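Given next, in structure tokens, is a single chain: the form deposited in one PDB entry.
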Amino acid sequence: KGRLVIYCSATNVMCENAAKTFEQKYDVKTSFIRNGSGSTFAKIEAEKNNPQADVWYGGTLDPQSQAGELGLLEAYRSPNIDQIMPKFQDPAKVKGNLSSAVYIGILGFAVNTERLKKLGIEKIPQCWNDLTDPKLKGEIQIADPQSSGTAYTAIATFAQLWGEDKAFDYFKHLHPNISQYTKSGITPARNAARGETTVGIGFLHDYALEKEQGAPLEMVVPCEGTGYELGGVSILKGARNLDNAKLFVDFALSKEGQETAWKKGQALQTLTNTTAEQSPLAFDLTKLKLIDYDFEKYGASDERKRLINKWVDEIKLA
């Protein structure tokens, strides 16, 4: 049935498994080239007069939205969009499904229950505001917003949850309980897993992997609500293999295509297709208390710079 070239921005393992599973189902000779979302965006833009791939799969949706704005993508609404929550059906800036959401990374925190059992604390924290408990002094970690996008997602989430003023009040009250602002977004997951801290804040699928490997972690989607990142799929405008690109978007949005991502592809993000079985270490998306994250507003470089600078000035250095 021909061939398909994928620019993949997910992991190598997830990409390889998607290519193999797609090729098996549809008998399309499928290959991928893996690169980060930013590098991939630059490549697609550079190659726009003679595109070298058919589809862009995985990684954050925001750069795919920006490519849609620049006329680099081909709009196509898969019938499987019917199986995605209205909220996530057409999430990018230019409407018409130039891009679609294939998974979601949920911001939350996880608690080391063994270490909790040593702090004299009997109940597992279930809310963001539980983390200001003075019993948790020196027992929480989150990444440094200056060096980590994960921590910036936290800032933007709190700002959308409570307004910017109360978000920074919350950071001020959380601050005395933070033992380390880590350089990397994922470090609090490794540290909470090993008992180097009690609570780590970050993307829940990272804590899930530590739990999979045996760490005594309880994952929490905080009670007040929370934010997230989305994974995207998009067809390139001028794709050499447009028919097969549409089949691949169908597949990436399908029950089987999304299930295989965690069943064999080692991905632990929550799936956007509401008919899909979730990993036992992921979540039931329709039941989650999620803000509607405004990526257009908070993804702008000037707003991001401003909010990080405010965090530095008022939290880190005040």
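One rule holds for the numbers: they count along the sequence shown, beginning at 1.
The same protein also exists as the form deposited in another entry; that form is not shown, yet it is the one meant from here on.
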If one rigid part turns against another between this form and the one not shown, which of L253, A282, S65, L131 falls at the hinge? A282
Once you account for a change of 3 Å or more, let me know if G149 and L61 sit closer or farther in the other form, using their C-alpha atoms. closer
Can you confirm the direction of the Cα distance change for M14 and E210 in the other form, closer or farther than in this form, given it is 3 Å or more? closer
